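This document opens with one chain alone, in structure tokens, the form deposited in one PDB entry.
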């Protein structure tokens, strides 16, 4: 189950753009200390920090690779590399939030 994973992870996620062009774009992502850090395309720009206490993971109904991360002012649309990395990301995000709640 979720205990097959820890509460930290460094990797990449596909993040869907929006507007005239909606495409998947690879971004460096990391989870640590209850925070999801999402890098921008430009690598010297300060990354977005999402407090996982006030976010909700919504796995995809269908494809076992896509998931949303609902934050207070935005929904991020993510896609993992495959089934197994999807399970890893969602498990780590979950674990991180649970740990953060214990400590709050």
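Positions refer to the first chain, counted from 1. Definition used throughout: the rigid core is the maximal C-alpha set that superposes within 1.5 Å between two forms. Residues that one form lacks are left out of the comparison.
Note on 75-83 vs 36-44: mean CA B-factor is higher in 36-44. Comparing the deposited coordinates for 89-97 and 17-25, the stretch with the larger average C-alpha B-factor is 17-25. Comparing C-alpha B-factors across 52, 61, 69, 31 in the deposited entry, the largest value falls on 61.
Another form, the form deposited in another entry, is not on view; read the next lines as being about it.
Taking the core as fixed, the parts between the shown form and the other one where three or more residues in a row have CA shifts of 2 Å or more are 18-20, 43-45, 62-64.
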